[PDB]
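For reference, the structure discussed in these notes is given below.
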Amino acid sequence: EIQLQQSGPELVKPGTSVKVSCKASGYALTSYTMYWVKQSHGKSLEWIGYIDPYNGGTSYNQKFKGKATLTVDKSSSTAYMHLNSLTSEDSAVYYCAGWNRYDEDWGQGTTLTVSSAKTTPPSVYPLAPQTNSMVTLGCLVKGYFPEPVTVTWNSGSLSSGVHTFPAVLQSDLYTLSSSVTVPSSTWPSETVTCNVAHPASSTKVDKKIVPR
Amino acid sequence: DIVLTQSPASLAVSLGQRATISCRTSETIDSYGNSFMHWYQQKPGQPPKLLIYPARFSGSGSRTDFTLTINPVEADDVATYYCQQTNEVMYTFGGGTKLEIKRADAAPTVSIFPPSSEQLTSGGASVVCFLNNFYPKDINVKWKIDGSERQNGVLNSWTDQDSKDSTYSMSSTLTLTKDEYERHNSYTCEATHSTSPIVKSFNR
Ligand SMILES: COc1c(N2CCN[C@@H](C)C2)c(F)cc2c(=O)c(C(=O)O)cn(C3CC3)c12
Ligand code: NA
Ligand code: NA
Ligand code: NA
């Protein structure tokens, strides 16, 4: 089969251009046809175009004819999508996928934000709490731009009782929270920390939850 | 051009049940066909996943009308489903079908948290309330500061339907400046749906 790794999130000013990449590994990378798909937040999947690396042929959705250019780097097994004249309508998740008649794979997605607003890291505040069977802890990440942000608990060891809520936008900044419900025996007996990652500002923050 | 029309737009289905999604195309597909027809499942924040290829998901129909059947429906099938037609001149997707799970009513596990010492140092105050694992999605929440209802500086956010228990969760956040927060002492978080209003409170 084939695995696909897309480049990271990007914040760009309106009117500029961006090139996003899809790096491929596995057998017969020349044999797959690569295509790209746009999905605006809460919207449906939209085909941008494809490129066959074997003969170099390309086909574009008429709506992207002026906007998008697909290329493949045979030497480095990387597909590229160049977008130009960016406006806020280009803010979306962009997917890269590759297929042949045996196999298809998709990349994880690249979130692109076209905005005048400036990059801002999150403020991470711990939320600590009755002796029930189970206890709920929380993390508040506030005032960041742009999305996305990633929250994990105990570096990903705690996944079962997590609720991470969609961020919400106010003024020019995003806010979200995530909560963990854990057995009372485990906490405070075991340390539980909240791990927040903000790719755009290149910051990762770890906050241990501590009882007031 | 190839147009794909998917129906229904959304589907509410009980666990264990048989659910079928349709996709009609303007460009007929013969069995030897220029085009292909395929089905995708997308969970929020994830790539679409190719389906079908004794499975629970199965495809039928040829020519213009194509159906996806899920049998039996299970809890983690909550997702949006897309048909895709593949052709040398264009690829296109259907509009998507959102699959909702029907379950029994459930009451929210409420929790409320005071501003943290860190956030108070900063000079702001955020009171956070989690209403976890309730059904149905539609829930109204109000809160009062020492008995006085406040409609200002509240942040609501719903999760997607849970993949395991088919319940929704929600996060309400009340933000006041540091100095406005000091004035009062009693904060309560109130949920609706015996009416049984669930209330959580903290003092000072
Ligand atoms: C990679 O998946 C397939 C695709 N698809 C999957 C849906 N997206 C399109 C772009 C490629 C294809 F367009 C045709 C076939 C075929 O022609 C085929 C076959 O057996 O003839 C099998 N598959 C695999 C089983 C799904 C195919
Ligand atoms: Na350019
Ligand atoms: Na194979
Ligand atoms: Na969830």
Side-chain angles (χ1 to χ4, degrees), chain A residues 1-4 26-29 31-37 45-52 59 61 79 95-107 136 138-139 150-153 158-167 176-181, chain B residues 2 4 23 25 29-53 55 57-59 66 68 75-76 78-79 81-94 101 108-109 130-135 137 157-171:
Chain A
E1 78 201 349
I2 191 182
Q3 292 290 317
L4 294 179
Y27 188 49
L29 312 184
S31 69
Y32 290 73
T33 292
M34 311 299 304
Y35 63 111
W36 295 77
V37 176
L45 303 167
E46 213 182 328
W47 172 72
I48 297 170
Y50 74 70
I51 178 174
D52 183 354
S59 181
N61 182 338
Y95 288 103
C96 161
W99 77 278
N100 59 36
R101 296 220 173 150
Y102 313 100
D103 166 53
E104 183 185 78
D105 192 59
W106 288 59
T136 280
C139 218
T150 296
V151 308
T152 68
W153 292 93
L158 274 65
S159 71
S160 304
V162 182
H163 278 335
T164 301
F165 301 85
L176 65 73
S177 55
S178 98
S179 75
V180 165
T181 291
Chain B
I2 295 169
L4 295 178
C23 179
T25 178
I29 308 181
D30 283 309
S31 177
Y32 330 86
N34 278 6
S35 318
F36 302 100
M37 183 61 69
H38 287 282
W39 287 94
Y40 289 90
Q41 173 196 65
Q42 199 188 17
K43 299 186 219 121
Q46 281 190 6
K49 174 196 221 134
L50 183 62
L51 296 170
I52 307 186
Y53 299 101
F57 298 86
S58 62
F66 296 87
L68 172 72
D76 79 330
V78 56
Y81 292 85
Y82 295 90
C83 53
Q84 172 204 64
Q85 179 156 342
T86 295
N87 178 274
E88 182 171 356
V89 346
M90 50 171 93
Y91 305 1
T92 180
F93 295 91
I101 298 296
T109 301
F130 298 125
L131 296 66
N132 293 343
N133 304 82
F134 61 93
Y135 181 89
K137 186 183 232 224
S157 177
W158 273 260
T159 65
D160 296 294
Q161 201 165 25
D162 193 72
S163 54
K164 296 181 183 170
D165 69 15
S166 304
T167 61
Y168 302 82
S169 302
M170 187 268 239
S171 183

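Order of the sequence lines fixes the chain letters, A, B, ..., with proteins taken first and strands second; residue numbering starts at 1 for each chain. Below, all heavy atoms of this structure are taken into account, side chains as well, without hydrogens, waters or symmetry copies. Both counts, for ligands and for their atoms, begin at 1 and track the order of listing.
Across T86(B) and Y91(B), no two heavy atoms sit closer than the pair CG2-CE1, 4.0 Å.
Heavy atoms of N100(A) found under 4.0 angstrom from ligand 1 belong exclusively to the backbone.
Taking atom 13 (F) of ligand 1 as the reference point, the nearest protein heavy-atom neighbour is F36(B) CD1, 3.1 Å. Of the protein's non-hydrogen atoms, the one nearest atom 23 (N) of ligand 1 is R101(A) O, 3.3 Å. The closest protein non-hydrogen atom to atom 7 (C) of ligand 1 is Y40(B) OH, 3.1 Å.
For ligand 1, the polar-atom distance check against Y53(B) finds no nitrogen or oxygen pair separated by under 3.5 Å.
Looking only at distances, no side-chain donor or acceptor of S157(B) sits under 3.5 Å from a matching main-chain atom of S171(B).
Within the 4.0 angstrom cut-off, atom 20 (O) of ligand 1 has no protein heavy-atom neighbours.
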Given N133(B) and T181(A), is the side chain to side chain contact (heavy atoms under 4.5 Å, CB included) satisfied, shown in steps?
-> CA-CA 11 Å; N133(B) 304 82; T181(A) 291; over 6 Å; no

Quick one: do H38(B) and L50(B) satisfy side chain to side chain contact (heavy atoms under 4.5 Å, CB included)? Show the steps, please.
-> CA-CA 8 Å; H38(B) 287 282; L50(B) 183 62; 4.0 Å; yes

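Around atom 10 (C) of ligand 1, the closest heavy atom drawn from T86(B), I52(B), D103(A) belongs to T86(B). Nearest to atom 3 (C) of ligand 1 by heavy-atom distance, out of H38(B), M37(B), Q84(B), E104(A), is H38(B).
Counting atoms of ligand 1 from 1 in the listed order, those under 4.0 Å from a heavy atom of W99(A) are 10 (C), 11 (C), 12 (C), 13 (F).
Not less than 6.0 angstrom separates the ring centroid of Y95(A) from the ring centroid of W47(A).
With hydrogens and angles left out, the side-chain atoms of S169(B) and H163(A) include a donor and acceptor closer than 3.5 Å.
In this structure, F36(B) and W99(A) have perpendicular ring planes: the angle between them is above 60°, well past the 30° mark.
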